$ cat entry-v4.pdb   # PDB, C-alpha atoms (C1' of nucleotides)
ATOM      1  CA  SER A   1      22.425  54.043  -8.225  1.00  0.00           C
ATOM      2  CA  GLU A   2      25.717  53.191  -6.500  1.00  0.00           C
ATOM      3  CA  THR A   3      28.248  50.693  -7.810  1.00  0.00           C
ATOM      4  CA  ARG A   4      28.352  47.037  -6.797  1.00  0.00           C
ATOM      5  CA  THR A   5      30.711  45.358  -4.368  1.00  0.00           C
ATOM      6  CA  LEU A   6      33.113  42.882  -5.930  1.00  0.00           C
ATOM      7  CA  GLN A   7      31.315  39.565  -6.302  1.00  0.00           C
ATOM      8  CA  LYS A   8      34.185  37.714  -4.630  1.00  0.00           C
ATOM      9  CA  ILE A   9      33.977  39.915  -1.531  1.00  0.00           C
ATOM     10  CA  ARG A  10      30.208  39.452  -1.313  1.00  0.00           C
ATOM     11  CA  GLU A  11      30.482  35.681  -1.727  1.00  0.00           C
ATOM     12  CA  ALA A  12      33.230  35.366   0.883  1.00  0.00           C
ATOM     13  CA  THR A  13      31.339  37.567   3.344  1.00  0.00           C
ATOM     14  CA  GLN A  14      28.163  35.523   2.931  1.00  0.00           C
ATOM     15  CA  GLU A  15      30.155  32.320   3.438  1.00  0.00           C
ATOM     16  CA  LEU A  16      31.798  33.709   6.578  1.00  0.00           C
ATOM     17  CA  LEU A  17      28.372  34.681   7.886  1.00  0.00           C
ATOM     18  CA  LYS A  18      26.742  31.341   7.045  1.00  0.00           C
ATOM     19  CA  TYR A  19      29.446  29.289   8.767  1.00  0.00           C
ATOM     20  CA  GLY A  20      30.784  31.913  11.181  1.00  0.00           C
ATOM     21  CA  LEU A  21      34.325  31.206   9.979  1.00  0.00           C
ATOM     22  CA  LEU A  22      36.666  30.614   7.059  1.00  0.00           C
ATOM     23  CA  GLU A  23      39.627  28.235   6.870  1.00  0.00           C
ATOM     24  CA  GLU A  24      42.764  28.578   4.769  1.00  0.00           C
ATOM     25  CA  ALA A  25      43.086  24.789   4.516  1.00  0.00           C
ATOM     26  CA  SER A  26      39.490  24.401   3.259  1.00  0.00           C
ATOM     27  CA  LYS A  27      38.437  27.454   1.200  1.00  0.00           C
ATOM     28  CA  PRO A  28      41.684  29.226   0.259  1.00  0.00           C
ATOM     29  CA  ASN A  29      40.124  31.498  -2.371  1.00  0.00           C
ATOM     30  CA  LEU A  30      37.631  33.113   0.000  1.00  0.00           C
ATOM     31  CA  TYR A  31      40.172  33.177   2.830  1.00  0.00           C
ATOM     32  CA  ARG A  32      42.882  34.991   0.889  1.00  0.00           C
ATOM     33  CA  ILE A  33      40.383  37.277  -0.857  1.00  0.00           C
ATOM     34  CA  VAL A  34      38.955  38.368   2.497  1.00  0.00           C
ATOM     35  CA  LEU A  35      42.421  38.876   3.957  1.00  0.00           C
ATOM     36  CA  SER A  36      43.493  40.933   0.922  1.00  0.00           C
ATOM     37  CA  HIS A  37      40.374  43.100   1.319  1.00  0.00           C
ATOM     38  CA  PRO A  38      40.291  43.254   5.128  1.00  0.00           C
ATOM     39  CA  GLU A  39      39.306  46.900   5.385  1.00  0.00           C
ATOM     40  CA  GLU A  40      36.371  46.252   3.054  1.00  0.00           C
ATOM     41  CA  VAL A  41      35.242  43.263   5.126  1.00  0.00           C
ATOM     42  CA  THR A  42      35.393  45.178   8.395  1.00  0.00           C
ATOM     43  CA  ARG A  43      33.532  48.061   6.742  1.00  0.00           C
ATOM     44  CA  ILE A  44      30.734  45.757   5.561  1.00  0.00           C
ATOM     45  CA  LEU A  45      30.495  44.059   8.947  1.00  0.00           C
ATOM     46  CA  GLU A  46      30.818  47.243  11.027  1.00  0.00           C
ATOM     47  CA  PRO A  47      27.173  48.417  10.853  1.00  0.00           C
ATOM     48  CA  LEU A  48      25.848  45.046  12.063  1.00  0.00           C
ATOM     49  CA  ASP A  49      28.099  45.287  15.144  1.00  0.00           C
ATOM     50  CA  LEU A  50      30.199  42.492  13.628  1.00  0.00           C
ATOM     51  CA  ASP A  51      33.942  42.231  13.082  1.00  0.00           C
ATOM     52  CA  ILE A  52      36.455  39.619  11.956  1.00  0.00           C
ATOM     53  CA  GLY A  53      39.054  38.113  14.218  1.00  0.00           C
ATOM     54  CA  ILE A  54      41.969  36.704  12.256  1.00  0.00           C
ATOM     55  CA  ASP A  55      44.619  34.040  12.874  1.00  0.00           C
ATOM     56  CA  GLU A  56      47.482  33.566  10.428  1.00  0.00           C
ATOM     57  CA  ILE A  57      49.262  30.955  12.562  1.00  0.00           C
ATOM     58  CA  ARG A  58      46.247  28.630  12.602  1.00  0.00           C
ATOM     59  CA  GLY A  59      44.893  29.899   9.281  1.00  0.00           C
ATOM     60  CA  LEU A  60      41.465  30.696  10.730  1.00  0.00           C
ATOM     61  CA  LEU A  61      39.117  33.629  10.190  1.00  0.00           C
ATOM     62  CA  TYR A  62      36.016  34.103  12.315  1.00  0.00           C
ATOM     63  CA  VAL A  63      33.408  36.671  13.267  1.00  0.00           C
ATOM     64  CA  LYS A  64      33.324  38.392  16.648  1.00  0.00           C
ATOM     65  CA  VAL A  65      30.798  40.735  18.204  1.00  0.00           C
ATOM     66  CA  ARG A  66      32.124  44.291  17.921  1.00  0.00           C
ATOM     67  CA  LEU A  67      29.932  45.648  20.718  1.00  0.00           C
ATOM     68  CA  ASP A  68      31.947  47.816  23.083  1.00  0.00           C
ATOM     69  CA  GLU A  69      32.583  45.998  26.345  1.00  0.00           C
ATOM     70  CA  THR A  70      29.774  46.300  28.921  1.00  0.00           C
ATOM     71  CA  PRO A  71      27.979  48.866  26.715  1.00  0.00           C
ATOM     72  CA  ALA A  72      24.587  48.823  28.449  1.00  0.00           C
ATOM     73  CA  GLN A  73      24.599  45.612  30.503  1.00  0.00           C
ATOM     74  CA  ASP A  74      27.137  43.632  32.496  1.00  0.00           C
ATOM     75  CA  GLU A  75      27.072  40.916  29.811  1.00  0.00           C
ATOM     76  CA  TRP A  76      25.881  41.899  26.357  1.00  0.00           C
ATOM     77  CA  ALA A  77      23.029  40.555  24.244  1.00  0.00           C
ATOM     78  CA  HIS A  78      23.186  40.846  20.455  1.00  0.00           C
ATOM     79  CA  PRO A  79      19.969  40.571  18.406  1.00  0.00           C
ATOM     80  CA  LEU A  80      21.398  38.612  15.475  1.00  0.00           C
ATOM     81  CA  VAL A  81      23.311  36.104  17.642  1.00  0.00           C
ATOM     82  CA  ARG A  82      21.817  33.693  20.186  1.00  0.00           C
ATOM     83  CA  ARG A  83      24.060  32.868  23.148  1.00  0.00           C
ATOM     84  CA  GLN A  84      23.430  29.147  23.452  1.00  0.00           C
ATOM     85  CA  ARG A  85      24.491  27.226  26.556  1.00  0.00           C
ATOM     86  CA  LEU A  86      25.601  23.665  25.859  1.00  0.00           C
TER      87      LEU A  86
ATOM     88  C1'  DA B   1     -64.258 -80.677 -17.753  1.00  0.00           C
ATOM     89  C1'  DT B   2     -60.495 -79.127 -14.072  1.00  0.00           C
ATOM     90  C1'  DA B   3     -55.975 -80.263 -12.371  1.00  0.00           C
ATOM     91  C1'  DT B   4     -51.070 -82.082 -12.691  1.00  0.00           C
ATOM     92  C1'  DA B   5     -47.003 -80.977 -15.213  1.00  0.00           C
ATOM     93  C1'  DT B   6     -44.435 -80.005 -19.792  1.00  0.00           C
ATOM     94  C1'  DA B   7     -40.961 -77.288 -23.302  1.00  0.00           C
ATOM     95  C1'  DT B   8     -40.454 -73.273 -24.347  1.00  0.00           C
ATOM     96  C1'  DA B   9     -41.266 -67.925 -23.690  1.00  0.00           C
ATOM     97  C1'  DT B  10     -40.972 -63.283 -20.830  1.00  0.00           C
ATOM     98  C1'  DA B  11     -38.010 -60.931 -19.158  1.00  0.00           C
ATOM     99  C1'  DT B  12     -34.859 -59.801 -16.258  1.00  0.00           C
ATOM    100  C1'  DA B  13     -30.545 -59.981 -12.682  1.00  0.00           C
ATOM    101  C1'  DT B  14     -26.219 -60.320 -13.127  1.00  0.00           C
ATOM    102  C1'  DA B  15     -21.713 -59.878 -15.220  1.00  0.00           C
ATOM    103  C1'  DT B  16     -18.066 -57.767 -17.773  1.00  0.00           C
ATOM    104  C1'  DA B  17     -15.727 -54.037 -20.125  1.00  0.00           C
ATOM    105  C1'  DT B  18     -15.955 -49.265 -21.216  1.00  0.00           C
ATOM    106  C1'  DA B  19     -16.605 -44.324 -20.824  1.00  0.00           C
ATOM    107  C1'  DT B  20     -17.603 -40.288 -18.270  1.00  0.00           C
ATOM    108  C1'  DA B  21     -18.558 -37.792 -13.914  1.00  0.00           C
ATOM    109  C1'  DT B  22     -17.468 -36.901  -9.173  1.00  0.00           C
ATOM    110  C1'  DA B  23     -14.588 -37.073  -4.580  1.00  0.00           C
ATOM    111  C1'  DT B  24     -10.362 -36.998  -2.610  1.00  0.00           C
ATOM    112  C1'  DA B  25      -5.274 -35.868  -1.383  1.00  0.00           C
ATOM    113  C1'  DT B  26      -1.871 -33.342  -2.764  1.00  0.00           C
ATOM    114  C1'  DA B  27       0.921 -29.455  -4.898  1.00  0.00           C
ATOM    115  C1'  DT B  28       1.209 -24.763  -6.099  1.00  0.00           C
ATOM    116  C1'  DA B  29      -0.001 -19.433  -6.898  1.00  0.00           C
ATOM    117  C1'  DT B  30      -1.849 -15.163  -5.078  1.00  0.00           C
ATOM    118  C1'  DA B  31      -3.913 -12.442  -1.272  1.00  0.00           C
ATOM    119  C1'  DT B  32      -3.405 -11.385   3.130  1.00  0.00           C
ATOM    120  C1'  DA B  33      -2.109  -9.786   8.237  1.00  0.00           C
ATOM    121  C1'  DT B  34       1.865  -8.715  10.501  1.00  0.00           C
ATOM    122  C1'  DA B  35       7.061  -7.790  11.764  1.00  0.00           C
ATOM    123  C1'  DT B  36      10.864  -4.706  10.950  1.00  0.00           C
ATOM    124  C1'  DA B  37      12.778  -0.187   9.556  1.00  0.00           C
ATOM    125  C1'  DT B  38      13.544   5.310   8.578  1.00  0.00           C
ATOM    126  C1'  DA B  39      11.747   9.655   8.636  1.00  0.00           C
ATOM    127  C1'  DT B  40       8.461  12.554  11.070  1.00  0.00           C
ATOM    128  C1'  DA B  41       5.919  14.620  14.645  1.00  0.00           C
ATOM    129  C1'  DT B  42       5.011  15.498  20.068  1.00  0.00           C
ATOM    130  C1'  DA B  43       5.896  16.386  23.967  1.00  0.00           C
ATOM    131  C1'  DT B  44       9.268  16.990  27.380  1.00  0.00           C
ATOM    132  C1'  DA B  45      12.897  19.859  29.528  1.00  0.00           C
ATOM    133  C1'  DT B  46      16.803  23.736  29.668  1.00  0.00           C
ATOM    134  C1'  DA B  47      17.905  27.963  28.616  1.00  0.00           C
ATOM    135  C1'  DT B  48      17.808  32.630  26.123  1.00  0.00           C
ATOM    136  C1'  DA B  49      15.582  36.239  24.694  1.00  0.00           C
ATOM    137  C1'  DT B  50      11.344  39.468  23.883  1.00  0.00           C
ATOM    138  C1'  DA B  51       7.718  41.549  25.721  1.00  0.00           C
ATOM    139  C1'  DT B  52       4.624  44.520  28.956  1.00  0.00           C
ATOM    140  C1'  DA B  53       4.323  46.925  32.747  1.00  0.00           C
ATOM    141  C1'  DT B  54       6.545  49.488  36.624  1.00  0.00           C
ATOM    142  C1'  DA B  55      10.293  52.133  39.652  1.00  0.00           C
ATOM    143  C1'  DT B  56      13.011  55.798  39.359  1.00  0.00           C
ATOM    144  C1'  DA B  57      15.315  59.930  37.938  1.00  0.00           C
ATOM    145  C1'  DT B  58      14.597  63.478  34.752  1.00  0.00           C
ATOM    146  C1'  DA B  59      12.833  67.675  31.154  1.00  0.00           C
ATOM    147  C1'  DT B  60      10.227  71.703  30.631  1.00  0.00           C
TER     148       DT B  60
END

$ encode --input "entry-v4.pdb" --output "structure tokens"
Amino acid sequence: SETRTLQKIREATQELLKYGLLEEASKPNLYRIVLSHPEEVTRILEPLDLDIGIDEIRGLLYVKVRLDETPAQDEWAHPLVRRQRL
DNA sequence: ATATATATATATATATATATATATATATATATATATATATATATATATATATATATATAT
């Protein structure tokens, strides 16, 4: 049917999901590949209500809930993320 | 003819050396019951989230 996403993008996205972050000092290939395809990464993550926050100064990428603020409740609840309390 | 007494005979008790068989003290090997340790499971609590059912405002 449709074409396939670049294997590097898929791998980096799955890494970022597994660990909830990517680090320039640890996995430079995935980090730079994601940053060079940022629109693609936000497009993939968009329909899960997920988005990437980025930090070039600290060299850190991370996920962040894209739910619009106070969408239905005072403080949101997202099915795929569990809000643990330490 | 019987009874006392004779040298030798019957035969063994004892002695020694020898072997083999058994009893003991000791050393040594294997089986055992238990102590220590790491991963696993149980139940506990703390908190989040999912669920059913209801209160309320609403459609037609």

$ atom_distance --input "entry-v4.pdb" --atom1 "CA of residue 25 (chain A)" --atom2 "CA of residue 82 (chain A)"
27.9 Å

$ resolve_selection --input "entry-v4.pdb" --expression "the PyMOL selection byres ((chain A) within 8 of (chain B))" --output "compact mmCIF listing (two decimals) with C-alpha atoms, keeping the file's coordinate frame"
# COMPACT_ATOMS: atom_id res chain seq x y z
CA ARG A 82 21.82 33.69 20.19
CA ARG A 83 24.06 32.87 23.15
CA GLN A 84 23.43 29.15 23.45
CA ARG A 85 24.49 27.23 26.56

$ residues_around --input "entry-v4.pdb" --residues "region 61-67 of chain A" --least-positions-apart "5" --cutoff "6 Å" --atoms "all atoms listed in the file" --output "count of residues only"
9

$ atom_distance --input "entry-v4.pdb" --atom1 "CA of residue 13 (chain A)" --atom2 "CA of residue 45 (chain A)"
8.6 Å

$ resolve_selection --input "entry-v4.pdb" --expression "the PyMOL selection byres ((chain A and resi 6-12) around 8)" --output "CSV table (one decimal) with C-alpha atoms, keeping the file's coordinate frame"
chain,number,residue,atom,x,y,z
A,4,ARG,CA,28.4,47.0,-6.8
A,5,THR,CA,30.7,45.4,-4.4
A,13,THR,CA,31.3,37.6,3.3
A,14,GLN,CA,28.2,35.5,2.9
A,15,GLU,CA,30.2,32.3,3.4
A,16,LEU,CA,31.8,33.7,6.6
A,30,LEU,CA,37.6,33.1,0.0
A,31,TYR,CA,40.2,33.2,2.8
A,33,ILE,CA,40.4,37.3,-0.9
A,34,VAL,CA,39.0,38.4,2.5
A,37,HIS,CA,40.4,43.1,1.3
A,41,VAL,CA,35.2,43.3,5.1

$ atom_distance --input "entry-v4.pdb" --atom1 "CA of residue 40 (chain A)" --atom2 "CA of residue 2 (chain A)"
15.9 Å

$ build_atoms --input "entry-v4.pdb" --residues "region 7-41 of chain A" --atoms "N, CA and C atoms" --output "PDB file, in the coordinates of the input"
ATOM      1  N   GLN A   7      32.070  40.785  -6.560  1.00  0.00           N
ATOM      2  CA  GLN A   7      31.315  39.565  -6.302  1.00  0.00           C
ATOM      3  C   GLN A   7      32.074  38.635  -5.368  1.00  0.00           C
ATOM      4  N   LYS A   8      33.399  38.571  -5.509  1.00  0.00           N
ATOM      5  CA  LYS A   8      34.185  37.714  -4.630  1.00  0.00           C
ATOM      6  C   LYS A   8      34.058  38.139  -3.174  1.00  0.00           C
ATOM      7  N   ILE A   9      34.121  39.443  -2.902  1.00  0.00           N
ATOM      8  CA  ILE A   9      33.977  39.915  -1.531  1.00  0.00           C
ATOM      9  C   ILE A   9      32.606  39.547  -0.986  1.00  0.00           C
ATOM     10  N   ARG A  10      31.554  39.763  -1.777  1.00  0.00           N
ATOM     11  CA  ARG A  10      30.208  39.452  -1.313  1.00  0.00           C
ATOM     12  C   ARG A  10      30.069  37.966  -1.016  1.00  0.00           C
ATOM     13  N   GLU A  11      30.573  37.123  -1.918  1.00  0.00           N
ATOM     14  CA  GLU A  11      30.482  35.681  -1.727  1.00  0.00           C
ATOM     15  C   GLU A  11      31.225  35.254  -0.467  1.00  0.00           C
ATOM     16  N   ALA A  12      32.451  35.750  -0.288  1.00  0.00           N
ATOM     17  CA  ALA A  12      33.230  35.366   0.883  1.00  0.00           C
ATOM     18  C   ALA A  12      32.566  35.846   2.166  1.00  0.00           C
ATOM     19  N   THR A  13      32.019  37.063   2.158  1.00  0.00           N
ATOM     20  CA  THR A  13      31.339  37.567   3.344  1.00  0.00           C
ATOM     21  C   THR A  13      30.121  36.719   3.681  1.00  0.00           C
ATOM     22  N   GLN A  14      29.337  36.348   2.671  1.00  0.00           N
ATOM     23  CA  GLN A  14      28.163  35.523   2.931  1.00  0.00           C
ATOM     24  C   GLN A  14      28.562  34.144   3.435  1.00  0.00           C
ATOM     25  N   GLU A  15      29.651  33.584   2.909  1.00  0.00           N
ATOM     26  CA  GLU A  15      30.155  32.320   3.438  1.00  0.00           C
ATOM     27  C   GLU A  15      30.548  32.465   4.904  1.00  0.00           C
ATOM     28  N   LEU A  16      31.338  33.495   5.211  1.00  0.00           N
ATOM     29  CA  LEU A  16      31.798  33.709   6.578  1.00  0.00           C
ATOM     30  C   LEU A  16      30.626  33.899   7.526  1.00  0.00           C
ATOM     31  N   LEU A  17      29.561  34.545   7.058  1.00  0.00           N
ATOM     32  CA  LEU A  17      28.372  34.681   7.886  1.00  0.00           C
ATOM     33  C   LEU A  17      27.624  33.365   8.037  1.00  0.00           C
ATOM     34  N   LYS A  18      27.477  32.596   6.959  1.00  0.00           N
ATOM     35  CA  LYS A  18      26.742  31.341   7.045  1.00  0.00           C
ATOM     36  C   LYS A  18      27.408  30.379   8.015  1.00  0.00           C
ATOM     37  N   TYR A  19      28.731  30.253   7.944  1.00  0.00           N
ATOM     38  CA  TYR A  19      29.446  29.289   8.767  1.00  0.00           C
ATOM     39  C   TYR A  19      30.168  29.920   9.946  1.00  0.00           C
ATOM     40  N   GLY A  20      30.101  31.240  10.101  1.00  0.00           N
ATOM     41  CA  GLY A  20      30.784  31.913  11.181  1.00  0.00           C
ATOM     42  C   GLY A  20      32.289  31.793  11.159  1.00  0.00           C
ATOM     43  N   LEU A  21      32.882  31.367  10.048  1.00  0.00           N
ATOM     44  CA  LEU A  21      34.325  31.206   9.979  1.00  0.00           C
ATOM     45  C   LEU A  21      34.739  30.910   8.547  1.00  0.00           C
ATOM     46  N   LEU A  22      36.038  31.043   8.299  1.00  0.00           N
ATOM     47  CA  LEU A  22      36.666  30.614   7.059  1.00  0.00           C
ATOM     48  C   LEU A  22      38.005  29.981   7.400  1.00  0.00           C
ATOM     49  N   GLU A  23      38.419  29.004   6.602  1.00  0.00           N
ATOM     50  CA  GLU A  23      39.627  28.235   6.870  1.00  0.00           C
ATOM     51  C   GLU A  23      40.530  28.264   5.648  1.00  0.00           C
ATOM     52  N   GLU A  24      41.810  28.560   5.871  1.00  0.00           N
ATOM     53  CA  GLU A  24      42.764  28.578   4.769  1.00  0.00           C
ATOM     54  C   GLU A  24      42.920  27.191   4.160  1.00  0.00           C
ATOM     55  N   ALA A  25      42.889  26.151   4.995  1.00  0.00           N
ATOM     56  CA  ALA A  25      43.086  24.789   4.516  1.00  0.00           C
ATOM     57  C   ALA A  25      41.864  24.222   3.804  1.00  0.00           C
ATOM     58  N   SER A  26      40.727  24.909   3.842  1.00  0.00           N
ATOM     59  CA  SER A  26      39.490  24.401   3.259  1.00  0.00           C
ATOM     60  C   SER A  26      38.984  25.235   2.095  1.00  0.00           C
ATOM     61  N   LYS A  27      38.968  26.561   2.232  1.00  0.00           N
ATOM     62  CA  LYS A  27      38.437  27.454   1.200  1.00  0.00           C
ATOM     63  C   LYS A  27      39.441  28.568   0.916  1.00  0.00           C
ATOM     64  N   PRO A  28      40.609  28.228   0.367  1.00  0.00           N
ATOM     65  CA  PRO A  28      41.684  29.226   0.259  1.00  0.00           C
ATOM     66  C   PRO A  28      41.301  30.465  -0.527  1.00  0.00           C
ATOM     67  N   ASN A  29      40.475  30.334  -1.565  1.00  0.00           N
ATOM     68  CA  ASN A  29      40.124  31.498  -2.371  1.00  0.00           C
ATOM     69  C   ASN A  29      39.426  32.553  -1.525  1.00  0.00           C
ATOM     70  N   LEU A  30      38.348  32.163  -0.841  1.00  0.00           N
ATOM     71  CA  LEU A  30      37.631  33.113   0.000  1.00  0.00           C
ATOM     72  C   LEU A  30      38.529  33.646   1.104  1.00  0.00           C
ATOM     73  N   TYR A  31      39.321  32.769   1.719  1.00  0.00           N
ATOM     74  CA  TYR A  31      40.172  33.177   2.830  1.00  0.00           C
ATOM     75  C   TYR A  31      41.140  34.271   2.398  1.00  0.00           C
ATOM     76  N   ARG A  32      41.893  34.018   1.329  1.00  0.00           N
ATOM     77  CA  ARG A  32      42.882  34.991   0.889  1.00  0.00           C
ATOM     78  C   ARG A  32      42.223  36.242   0.330  1.00  0.00           C
ATOM     79  N   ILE A  33      41.069  36.105  -0.325  1.00  0.00           N
ATOM     80  CA  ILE A  33      40.383  37.277  -0.857  1.00  0.00           C
ATOM     81  C   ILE A  33      39.927  38.180   0.281  1.00  0.00           C
ATOM     82  N   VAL A  34      39.372  37.586   1.338  1.00  0.00           N
ATOM     83  CA  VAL A  34      38.955  38.368   2.497  1.00  0.00           C
ATOM     84  C   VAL A  34      40.159  39.039   3.139  1.00  0.00           C
ATOM     85  N   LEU A  35      41.244  38.285   3.334  1.00  0.00           N
ATOM     86  CA  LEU A  35      42.421  38.876   3.957  1.00  0.00           C
ATOM     87  C   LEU A  35      43.016  39.998   3.120  1.00  0.00           C
ATOM     88  N   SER A  36      42.973  39.890   1.794  1.00  0.00           N
ATOM     89  CA  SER A  36      43.493  40.933   0.922  1.00  0.00           C
ATOM     90  C   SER A  36      42.553  42.123   0.809  1.00  0.00           C
ATOM     91  N   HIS A  37      41.320  41.994   1.287  1.00  0.00           N
ATOM     92  CA  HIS A  37      40.374  43.100   1.319  1.00  0.00           C
ATOM     93  C   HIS A  37      39.861  43.274   2.742  1.00  0.00           C
ATOM     94  N   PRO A  38      40.747  43.312   3.735  1.00  0.00           N
ATOM     95  CA  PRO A  38      40.291  43.254   5.128  1.00  0.00           C
ATOM     96  C   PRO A  38      39.527  44.500   5.533  1.00  0.00           C
ATOM     97  N   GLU A  39      39.996  45.658   5.069  1.00  0.00           N
ATOM     98  CA  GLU A  39      39.306  46.900   5.385  1.00  0.00           C
ATOM     99  C   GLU A  39      37.885  46.877   4.841  1.00  0.00           C
ATOM    100  N   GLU A  40      37.708  46.352   3.630  1.00  0.00           N
ATOM    101  CA  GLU A  40      36.371  46.252   3.054  1.00  0.00           C
ATOM    102  C   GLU A  40      35.484  45.339   3.892  1.00  0.00           C
ATOM    103  N   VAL A  41      36.038  44.222   4.367  1.00  0.00           N
ATOM    104  CA  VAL A  41      35.242  43.263   5.126  1.00  0.00           C
ATOM    105  C   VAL A  41      34.838  43.853   6.474  1.00  0.00           C
TER     106      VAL A  41
END
